[PDB]
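Engineer: Sharing a structure, written as structure tokens. Questions coming.
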Amino acid sequence: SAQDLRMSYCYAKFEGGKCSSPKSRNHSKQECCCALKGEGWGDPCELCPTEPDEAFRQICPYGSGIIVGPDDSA
């Protein structure tokens, strides 16, 4: 589904320099800014894109959903 199905740490907040709120478990960079829609992704947090940015959809073909964080909310 994703690129090299890389599943690292997804951060919920990216301080245009660092990150915070990393999910104990790891998910695909797509599952991070798509289903988890955080602020950054990967151990080396990388600022995730936002819709409808070409990059945004680059991880979410259908949109913020795909595999909405299973048993990871509600």
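Note on naming: chains are A, B, ... as they come in the structure tokens, residues start from 1 per chain, ligands start from 1 in the order shown.
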Report as a list in words all protein, DNA and RNA residues lying within 10 Å of residue 52 (chain A), evaluated on only C-alpha atoms, omitting residues in the same chain fewer than 6 positions from it.
Structural biologist: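 Near residue 52 (chain A), the qualifying residues are residues 58, 60 and 63 of chain A.
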Engineer: Skipping near chain neighbours, those fewer than 5 positions away, what residues fall within 8 Å of region 39-49 of chain A using only C-alpha atoms, listed as a PyMOL selection string?
Structural biologist: chain A and resi 7-14+16+18-19+29+32-33+55-56
Engineer: Could you pull the residues within 10 Å of residue 1 (chain A), counting only C-alpha atoms, minus those fewer than 3 positions along the same chain, as a ChimeraX atom specification?
Structural biologist: /A:4-5,28,30,59
